[PDB]
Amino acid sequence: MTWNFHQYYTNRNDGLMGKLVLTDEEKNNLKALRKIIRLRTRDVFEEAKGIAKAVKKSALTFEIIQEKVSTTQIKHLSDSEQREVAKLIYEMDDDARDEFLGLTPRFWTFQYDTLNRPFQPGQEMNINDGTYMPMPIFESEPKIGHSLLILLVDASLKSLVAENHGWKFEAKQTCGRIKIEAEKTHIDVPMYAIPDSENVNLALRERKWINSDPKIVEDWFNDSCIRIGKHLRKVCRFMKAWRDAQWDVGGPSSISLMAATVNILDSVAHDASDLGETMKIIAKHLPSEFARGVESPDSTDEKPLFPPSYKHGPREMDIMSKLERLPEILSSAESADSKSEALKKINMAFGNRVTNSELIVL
């Protein structure tokens, strides 16, 4: 029995799309969480610039500067860290202090419009909100300072964590992260120095700076959607949901999947009208795309989004293995003897989320 899966995928109620897409309410809560974080790191910078204003207006002594710092949300940093901010404020040059004074954190106006509702517990939605610091020329170091910038971001995030029950802070290599388990969401806040080569300065923790402009991949994906069609976002969500179903923790990055998928869709004839067919074409071509190594849409400077087959360890082998199963799972469900059996089989790929076998049609 040839079963069509177009409605299984695209039905916005009972179908996969229906299981994946956040409600308007749920989206708004993420936007609210984000806005809270934005306002707090804006305030923090203001509390610091406040101290720097005084210093420029009379030239405080370290001892004073420090009293004040203790009266800001920097109070949430360790003792030594509070000393460091007071110190860096104290030692600011007249010109560097003038820059600081004219420095506000800027924010870029989820997951490229492919943020899936989490599946397994406890898997969580990962939201990324960059903090951008407009500064002037950048060789090996900026006038304001990497460590001062990072401490203030840290102070914002940690102040919110202390105020809010259920929030935890976690230092990642590229960002600070606020965790909110009860809401199943992580918010990552990477910070960038901006003046597309010099707007590419991400402040690394754990080398100090790196050329990384998120806009490159953003614009790349947006162009791809326009170029390929409204189905690109849907199939990208479906691959991401596959990954969430196949691995509780682990599996390939979402961006690796997007790049390979875009690559296939750009180069292989497919019928957008039938998403079941389209996914089969994607599933057929993915393994060779991953064995090759998936390059970043950003060609400037990077490493593969997913490594070539010769560098694979047990984890990558596992991934390759599941990728090679996918097209088979998809063809089996297609030739399935029953409506219910077809649903059970395709749910081997995307997990048991869709329950209405009625969506499956001849």
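Counting begins at 1, following the sequence as shown.
In this entry, no coordinate-free residues of the deposited sequence separate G229 from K230. Mean CA temperature factor is higher for 71-79 when stretches 71-79 and 173-181 are set side by side in the entry.
Higher average CA B factor: 335-343, of the stretches 16-24 and 335-343. Listed residues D113, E99, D154, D223 were ranked by CA B-factor as deposited; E99 comes out on top. Of the candidates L305, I329, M317, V55, the PDB record gives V55 the highest C-alpha temperature factor. The PDB entry assigns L323 a C-alpha temperature factor belonging to the lowest third of its chain's modelled residues. When the modelled residues of the chain are ordered by their C-alpha B factor, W3 lands in the highest third. Per-chain ranking of the deposited C-alpha B factor places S309 in the lowest third. In the deposited entry, the Cα temperature factor of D274 places it in the middle third of its chain's modelled residues. The deposited CA B-factor of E84 belongs to the middle third of values across its chain.
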